[PDB]
Amino acid sequence: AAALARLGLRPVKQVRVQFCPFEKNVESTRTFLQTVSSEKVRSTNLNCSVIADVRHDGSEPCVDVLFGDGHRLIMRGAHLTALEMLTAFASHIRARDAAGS
Amino acid sequence: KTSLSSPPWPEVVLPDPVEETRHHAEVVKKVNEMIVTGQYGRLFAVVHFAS
Amino acid sequence: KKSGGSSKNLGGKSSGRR
Amino acid sequence: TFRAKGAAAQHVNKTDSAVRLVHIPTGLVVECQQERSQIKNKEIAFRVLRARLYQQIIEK
Amino acid sequence: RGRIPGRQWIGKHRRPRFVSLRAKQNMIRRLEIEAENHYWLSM
Amino acid sequence: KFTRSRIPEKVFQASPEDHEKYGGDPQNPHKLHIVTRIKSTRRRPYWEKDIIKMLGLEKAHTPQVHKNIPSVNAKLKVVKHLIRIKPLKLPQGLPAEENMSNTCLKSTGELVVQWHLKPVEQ
Amino acid sequence: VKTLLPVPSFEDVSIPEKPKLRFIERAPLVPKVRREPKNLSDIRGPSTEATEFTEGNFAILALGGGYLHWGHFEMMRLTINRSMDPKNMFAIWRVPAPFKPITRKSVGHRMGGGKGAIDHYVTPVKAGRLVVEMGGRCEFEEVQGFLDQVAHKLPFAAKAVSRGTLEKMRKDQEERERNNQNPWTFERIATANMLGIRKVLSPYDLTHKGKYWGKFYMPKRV
Amino acid sequence: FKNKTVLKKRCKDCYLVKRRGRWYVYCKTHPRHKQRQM
Amino acid sequence: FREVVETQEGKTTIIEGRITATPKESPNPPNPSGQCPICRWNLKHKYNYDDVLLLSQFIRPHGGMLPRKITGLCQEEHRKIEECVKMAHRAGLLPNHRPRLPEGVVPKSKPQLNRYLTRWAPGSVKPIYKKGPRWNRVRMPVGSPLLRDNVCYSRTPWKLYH
Amino acid sequence: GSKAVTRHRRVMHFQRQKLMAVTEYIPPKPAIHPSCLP
RNA sequence: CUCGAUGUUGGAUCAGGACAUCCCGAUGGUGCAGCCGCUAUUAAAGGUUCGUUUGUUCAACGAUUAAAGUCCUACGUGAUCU
RNA sequence: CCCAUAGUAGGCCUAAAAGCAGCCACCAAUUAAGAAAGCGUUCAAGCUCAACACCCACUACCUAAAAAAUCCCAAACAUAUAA
Ligand SMILES: [K+]
Ligand SMILES: [K+]
Ligand SMILES: [K+]
Ligand SMILES: [K+]
Ligand SMILES: [K+]
Ligand SMILES: [K+]
Ligand SMILES: [Mg+2]
Ligand SMILES: [Mg+2]
Ligand SMILES: [Mg+2]
Ligand SMILES: [Mg+2]
Ligand SMILES: [Mg+2]
Ligand SMILES: [Mg+2]
Ligand SMILES: [Mg+2]
Ligand SMILES: [Mg+2]
Ligand SMILES: [Mg+2]
Ligand SMILES: [Mg+2]
Ligand SMILES: [Mg+2]
Ligand SMILES: [Mg+2]
Ligand SMILES: [Mg+2]
Ligand SMILES: [Mg+2]
Ligand SMILES: [Mg+2]
Ligand SMILES: [Mg+2]
Ligand SMILES: [Mg+2]
Ligand SMILES: [Mg+2]
Ligand SMILES: [Mg+2]
Ligand SMILES: [Mg+2]
Ligand SMILES: [Mg+2]
Ligand SMILES: [Mg+2]
Ligand SMILES: [Mg+2]
Ligand SMILES: [Mg+2]
Ligand SMILES: [Mg+2]
Ligand SMILES: [Mg+2]
Ligand SMILES: [Zn+2]
């Protein structure tokens, strides 16, 4: 949370978190949701919408990130850790911000 | 198998004493037959004299 | 070279009485 | 510490007996070379320096 | 450049001397001999 | 000051573990000693030099036999660091008049009354 | 759920009216006129006095011999008083005021001409003697912060100890001697005059047993 | 940098790192905290 | 093991993780009661820096060391293997575990100095200009002190300082 | 020479120095390290 | 150690070396804006003034200089000189 | 690593003392957080620690350097059964 708050969510338009809470491979996705849903992270950009979708379809968890430039970032947490997804999410922010400005 | 798993020196297997005792008798008899037939030339000896 | 002091203890040179 | 002045044979030519004391805040310079020993000179040089600076503080 | 002040093996400052492996073994060997002498003087 | 050393009597009290190590029998103490000097008397105090002369240990590595009595042991305790003490063994008993000239003292401390200089037939 | 543990209560511990260390003078009330010999044996060997706690629970343990002059006492008094809490801590002196006269000749004087005049006084301290003892409504961690600071400023090796740490230190040493696998020990060889070793040893080595060398104490010797 | 025999971190941002065979103290927040092992 | 693949299709970045084949321990260890892999196979005090077959099982593909928690090694053997891996890298015994290089970067030519039992990094050791007296000689360390307890088949113990 | 008690660590006699080395403490060594047993 | 002799200040001449660096080089920190400084790491290749008084080493003073370094060399060197 | 609301700026003293100049108390809301352990503010703000939650960070709690003046100074070696 602290590391992600420093970078901010300026180039991020919408963050969608999809996971099935009754499955055994959604712990990493839920941990990612907790970091993003933090007050410090959300306070960086009030125009960025964080949406948590809870489904019972048995599908693997997925995280969809939409930037202002229109590019989409999709990280599938079925076999990824929370730290890895955060680092990939942070790297895209540091790159999409430079392209826009 | 590593570098220190086994001693560097190769393993040595001594001959069977039961078999080697028969082998020693053959060698002694062979040398003894040479003395009987005189199959030797000049002889050198090491003697202990005067300390 | 500085001039030093002197010992103020005198006597005490008696030999042993055996 | 520096070599003294005077008709004193070989001892001065090698021994830095004279002592010069400079008080940095006031700039007073005190030199003493009466005694052969530097420590003896240093103590008296201090004593003259103390006396001279005693007047200076009175003047101060 | 490394010199011992004064003589080497005498004085306040001396050249350090270190006990080798065989020096210890020789002392232990003589200690064992004297230990057996203690036993034979006990009877 | 460097003076003579008083050895506590506890040093010369053999424990049961010591008997097993050296093989001695406390109930049957050895009658005689085999004293051999293995250390020089030089760089030792004069009273140690004198006792070595009294025990006939002037020449090193020369075995000497002494009686196992408290008075002799008292001298040995002074110079115990200069000597090797071993018990004298008599596998065939004391030498007799017939075999006086055929005796030899082996390195094991045994005095053999017969010395043929021949290999054993066994 | 984090597991909590009970804490000790100090409500039964009383605090004296003068928790701070008392002032220590350079010289006794009556100056001494009979000059004393050097007597280096007063700082040689283990200490036979002030080796146990009296009132406090924490103290500074002396790990070697040395002399304490008035400069050291001021260092101990100022640091301890400043770094202590008088309401919950108290400190006492386990060493006497400087009493042993020390003579210094005039600078530049050649050898001879008697003995020099008395210059200052020192307190001889042997190894294993408590110097300053503290206690009260506090833990060892609270006082260990500055006691170790004072300990490293002493002329001899020192370390802050408590009633538990000192007992552990002594019991650990006894365990080391018990399970020592070395068949040869300094005590056995020296007392029995093995190898004639007493020709190079000291008569004090019969009781020091190799643990003490001059004014130095070696805790690793068994 | 200041040569030191005992290295101590003067704040939370200091970190110990062993470089060129000796230990160093680096602090981006307070550069004066930088120390070098002597 | 597990791998991470990043694909960009239609200006959209997709990050996925997949499980690859995972090697398993050889069956029936000689010492099942051992608490760490080294002593379960009776390999304690019986390996050196050049036993790369053992060392390669505890390193990353780029030569980095693996965590002690993941490998399950004890603290003592983890440090022994870590130092042995460093000496193996400096000795050139692991040519397939070179550090990762970014695209467009080609290392320049450097002098080739054959070395082994290299305790310290070559770029951080100062020359011994003054050897010193025989009683205070400055020695050149060889090997690592952590390998002092290795089984020595010679009467002379390992000389860790030359 | 120096006195019995000195400010510095006085150099021991070689005979005494060999005695100190021989009589060092040797901790017991277990046949199997405790960390290798359950 | 040397008295059946190992010749003393300072200067002249020629300098050898150490770095605990005065100047020039490369760096860290600063109560480093810049210009000047302070402090620390590294560096001994090169350089380190001319004069009045004093036998002087020093010191004071004049005019300069990027700087007018600290020490060792039988207080470097008198079968080279004064 | 993560995280921090509130009776209340406790009373007294004090121009002002608000957890953090002194003195007294040190109770209590919330599942969870000291009438405050370290910084800071003229006083307040502000940054941490001790809380909860998450979770097997499943830590060592034994230590410390260097400089001289002709030119470093045996050469070398971690591996074959202790003599
Ligand atoms: K000497
Ligand atoms: K000290
Ligand atoms: K002469
Ligand atoms: K120069
Ligand atoms: K003139
Ligand atoms: K206040
Ligand atoms: Mg008398
Ligand atoms: Mg008389
Ligand atoms: Mg009479
Ligand atoms: Mg005259
Ligand atoms: Mg005259
Ligand atoms: Mg000499
Ligand atoms: Mg190492
Ligand atoms: Mg004496
Ligand atoms: Mg002549
Ligand atoms: Mg000249
Ligand atoms: Mg020159
Ligand atoms: Mg330098
Ligand atoms: Mg240098
Ligand atoms: Mg230049
Ligand atoms: Mg700068
Ligand atoms: Mg000269
Ligand atoms: Mg000449
Ligand atoms: Mg001249
Ligand atoms: Mg409150
Ligand atoms: Mg208040
Ligand atoms: Mg305040
Ligand atoms: Mg309070
Ligand atoms: Mg606040
Ligand atoms: Mg906390
Ligand atoms: Mg050479
Ligand atoms: Mg040779
Ligand atoms: Zn810092």
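Residues numbered from 1 in each chain as written, not as in the entry; some residues may be left out. Chains lettered and ligands numbered in written order. Part of a larger assembly, values for the part shown. Heavy atoms only, no water.

cryo-EM is the method the PDB entry states for this structure, with the resolution given as 2.9 Å.

Chemist: How should I be thinking about the overall build of chain H in this particular structure?
Modeler: Helix and strand counts for chain H come out as zero helices and four strands. Along chain H, helices and strands appear, N-terminal first, in the series β-β-β-β. Reported as C-alpha extents along the three principal axes, the dimensions of chain H are approximately 25 × 15 × 15 Å. Residues counted as buried form 21% of the 38 residues belonging to chain H. (Helix = DSSP H or I, 4+ residues; strand = E, 2+ residues; numbered from the N terminus. Buried < 20%, exposed > 50% of the residue type's maximum accessible area, 1.4 Å probe, protein only.)

Chemist: I'm lost on the sheet that holds strand β1 (residues 58–62) of chain G in this one. Help?
Modeler: Think of a sheet as strands paired side by side through backbone hydrogen bonds, with each pair either parallel or antiparallel. Residue and element names in this part refer to chain G. Across the sheet, four strands lie side by side as β3-β6-β1-β7; this open sheet has antiparallel pairing. Each edge of the open sheet carries a strand with a single partner, namely β3 (89–93) and β7 (158–162). Averaged over all pairs of adjacent strands, the angle between strand axes in this sheet comes to 25°, irrespective of strand direction. Here β1 runs beside strand β6 (residues 130–136); their pairing, made up of three bridges, is antiparallel. Opposite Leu61, over in β6, you have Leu130 as the bridge partner. Sitting on the sheet, helix α3 (residues 163–178) touches β1 and β7, and the angle it makes with β7 is about 110°. (Pairing = 2+ DSSP bridges. Axes fitted to C-alpha atoms, helices over the stretch in contact; angles between N-to-C directions. Contact = heavy atoms within 4.5 Å.)

Chemist: Got a minute to help me understand a positive patch on the surface in this structure?
Modeler: Taken together, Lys12 of chain E, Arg35, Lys38, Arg104, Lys105 and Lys115 of chain G together with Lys3 and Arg7 of chain J make up a surface patch of like positive charges. Within the secondary structure, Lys12 of chain E sits in the segment before α1 (21–40). (Patch = residues over 30% accessible without salt bridge, like charges linked within 9 Å, V, L, I, M, F, W, Y side chains within 5 Å. Areas by Shrake-Rupley, 256 points an atom, 1.4 Å probe, with all protein chains shown as cover. Salt bridge = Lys/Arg side-chain N within 4 Å of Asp/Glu carboxyl O. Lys, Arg positive; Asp, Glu negative; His and termini not counted. Charge placed at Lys NZ, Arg CZ, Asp CG, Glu CD.)

Chemist: Could you clarify how one ought to interpret the packing of aromatic side chains in this entry?
Modeler: Aromatic rings in a pair are described by how distant their centres are and how their planes are angled relative to each other. Residue and element names in this part refer to chain G. By the definition in use, this model includes 14 aromatic pairs over all chains. Both rings, one in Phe23 and one in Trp70, keep their centres 6.4 Å apart while their planes meet at 70°; by these two values the pair is edge-to-face. Of the two residues, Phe23 is situated in the segment before β1 and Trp70 in helix α1 (residues 70–83); the sequence distance between them amounts to 47 residues. Look at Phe23 and you get partly exposed, because its relative accessible area is 49%. The class of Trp70 is partly exposed, set by a relative accessible area of 23%. With centroids separated by 5.8 Å and ring planes inclined at 25°, the aromatic side chains of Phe58 and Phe140 adopt a geometry described as stacked. In this pair, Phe58 is assigned in strand β1 and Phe140 in helix α2 (residues 140–151), connecting sequence segments 82 residues apart. (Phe/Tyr/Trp six-rings, centres within 6.5 Å; stacked < 30°, edge-to-face > 60°.)

Chemist: Any chance you could explain the protein's contact with RNA strand L here in plain terms?
Modeler: Not every one of the 32 residues close to RNA strand L is listed here, only the nearest: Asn48, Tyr116, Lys131, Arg137 and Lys159 of chain I. Across the atoms of RNA strand L situated within 4 Å of the protein, the share located in sugar and phosphate is 61%. At 3.2 Å, a side-chain N or O of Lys40 of chain A approaches a phosphate oxygen of RNA strand L. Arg137 of chain I is positioned such that a nitrogen or oxygen atom in its side chain is 2.5 Å from a phosphate oxygen of RNA strand L. Partitioning the surface near RNA strand L into residue classes produces 13 nonpolar, seven polar and twelve charged. (Near = heavy atom within 4 Å. Polar contact = N/O pair within 3.5 Å; in protein donor to acceptor, adjacent residues only side chain to side chain. Nonpolar A, V, L, I, M, F, W, Y, C, P; charged D, E, K, R; others polar.)

Chemist: What should I look at first to understand a negative patch on the surface in this one?
Modeler: Residue and element names in this part refer to chain G. There is a patch of like negative charges on the surface, built from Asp85, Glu139, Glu141 and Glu142. Looking at where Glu139 falls in the secondary structure, it is placed in the loop between β6 and α2. On the accessibility criterion, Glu139 (34% relative accessible area) is partly exposed.

Chemist: Sorry if this is basic, but what is going on with the protein's contact with RNA strand K here?
Modeler: Taken together, 15 residues form the shell around RNA strand K, and within it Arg3, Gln10, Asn13 and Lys14 of chain D together with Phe1 of chain H come nearest. Close to the protein, within 4 Å, the atoms of RNA strand K belong to sugar or phosphate groups at a rate of 67%. Interatomic distance of 2.7 Å between a side-chain N/O atom of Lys14 of chain D and a sugar or linking oxygen of RNA strand K. Tallied by class, residues from the surface near RNA strand K come to four nonpolar, three polar and eight charged.

Chemist: Before we go on, may I ask you to explain the layout of surface pockets in this structure?
Modeler: Any empty space left between atoms is shown by rolling a water-sized probe over those atoms. All names here are of chain I. Counted as a void, the largest pocket has a volume near 1,400 Å³. Looking at the largest pocket, it is lined by 30 residues, and the ones nearest its centre are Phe1, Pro23, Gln57, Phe58 and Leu66. Among the elements of the structure, β1 (2–8), α1 (37–40), α2 (52–55) and α3 (68–71) are those that each provide at least two residues to the lining of the largest pocket. Across the lining of the largest pocket, the residue classes break down as 15 nonpolar, seven polar and eight charged. (1 Å grid on protein atoms, 1.4 Å probe; cavity = no way out; pocket = protein on both sides within 12 Å on 5 of 7 lines; lining within 4 Å. Points joined across faces, edges and corners; volume = space filled by probe spheres on them.)

Chemist: Help me understand the nonpolar core in this model?
Modeler: Across soluble globular proteins, nonpolar side chains have a tendency to be buried as a group. In this structure, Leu31 of chain E, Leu76, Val79 and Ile83 of chain F together with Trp184 and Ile189 of chain G are the most contacted members of the largest nonpolar core, which totals 35 residues. Contributions of two or more residues to this core are made by α1 of chain E, α2 (46–54), α3 (70–78) and β3 (83–87) of chain F, α4 (186–191) of chain G together with α1 (14–22) of chain J. It is α1 of chain E that contributes the most residues to this core, five residues altogether. Each residue touching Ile83 of chain F, except ones within four places of it in the same chain, is listed here: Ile33 and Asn37 of chain E together with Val35, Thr36, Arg37, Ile38, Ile52, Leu57 and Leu76 of chain F. Membership of the second largest hydrophobic core comes to 30 residues, among which are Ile24, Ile80, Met89 and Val95 of chain G. (Core = buried A, V, L, I, M, F, W, Y, C linked by side-chain atoms within 4.5 Å.)

Chemist: Mind showing me how you'd approach the pattern of salt bridges here?
Modeler: Two side chains carrying opposite charge are able to pair once their charged atoms lie near each other. Applying the stated criterion across every chain, the model contains 28 salt bridges over all chains. Across the salt bridge formed by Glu84 of chain A and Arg2 of chain I, the nearest N and O atoms sit 3.0 Å from each other. One end of the pair, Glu84 of chain A, is in helix α4 (residues 82–100); the other, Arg2 of chain I, is in strand β1, on a second chain. Close ionic contact of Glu174 of chain G with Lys171 of chain G constitutes a salt bridge, the shortest N to O distance being 3.1 Å. In this pair, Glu174 of chain G and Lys171 of chain G are both assigned in helix α3, three residues apart and thus about one turn of the helix distant. Among the charged side chains, a network of salt bridges with common partners joins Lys44, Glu76, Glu77 and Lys80 of chain I.

Chemist: I keep staring at the interface of chain J and chain G and nothing clicks. Help me out?
Modeler: The accessible area lost on association of the parts is a frequent measure of interface size. Taken together, the contacts link 22 residues of chain J with 27 residues of chain G. In terms of surface lost to chain G, no three residues of chain J exceed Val5, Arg16 and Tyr25 of chain J, which account for 31% of the buried area on that side. Linking chain J to chain G there are one salt bridge. Between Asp205 of chain G and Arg16 of chain J there is a salt bridge, and its shortest N-O distance comes to 2.8 Å. Taken together, chain J and chain G are joined by nine residue pairs in polar contact. In terms of residue class, the side of chain J that touches chain G is made up of eleven nonpolar, five polar and six charged. (Buried area = accessible area lost by both parts, 1.4 Å probe.)

Chemist: Please clarify how the sheet that holds strand β3 (residues 22–26) of chain H should be interpreted in this entry.
Modeler: All names here are of chain H. One open sheet holds the four strands; their spatial order is β1-β4-β3-β2, and the pairing between them is mixed. If you trace the sheet from one side to the other, it starts and ends with β1 (3–4) and β2 (15–19), each paired once. Note: β2 against β3, five bridges, orientation antiparallel. Bridged to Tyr15 within β3 is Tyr26.

Chemist: Help me understand the pairing of strand β2 (residues 12–19) of chain I, please; the structure alone is not making it clear to me.
Modeler: Regular strands show a simple pattern: their side chains alternate between the two faces of the sheet. Here strand β4 (residues 72–75) of chain A pairs with β2 of chain I via four bridges, running parallel. Each bridged residue has a counterpart across the sheet, and for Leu73 of chain A the counterpart in β2 of chain I is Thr13 of chain I. Of the pairings in the sheet, the one linking β1 of chain I to β2 of chain I comprises seven bridges and is antiparallel in character. Directly across from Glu6 of chain I, in β2 of chain I, lies its bridge partner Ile15 of chain I. In this antiparallel pair of consecutive strands, β1 of chain I and β2 of chain I, the connection spans three residues, and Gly10 of chain I shows a positive phi of 65°.

Chemist: I would appreciate a short explanation of the packing of helix α2 (residues 27–36) of chain A against α4 of chain A in the present structure.
Modeler: Packed helix pairs are characterised by how far apart their axes lie and by the angle those axes make with each other. Residues and elements named next belong to chain A. α4 packs onto α2 with a crossing angle of 50° between their chain directions and a minimal axis gap of 8 Å. In terms of orientation, α2 and α4 fall into the oblique class. Helix-helix and strand crossings are classified by hand; for α2 and α4 the assignment is right-handed. Touching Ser28, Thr29, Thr31, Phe32 and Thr35 of α2 are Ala82, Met85, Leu86 and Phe89, all from α4. A class-by-class count of the residues in the contact of α2 with α4 yields five nonpolar, four polar and no charged. (Parallel < 35°, antiparallel > 145°, perpendicular 65-115°, else oblique. Left-handed = near helix turned anticlockwise from the far one by under 90°.)

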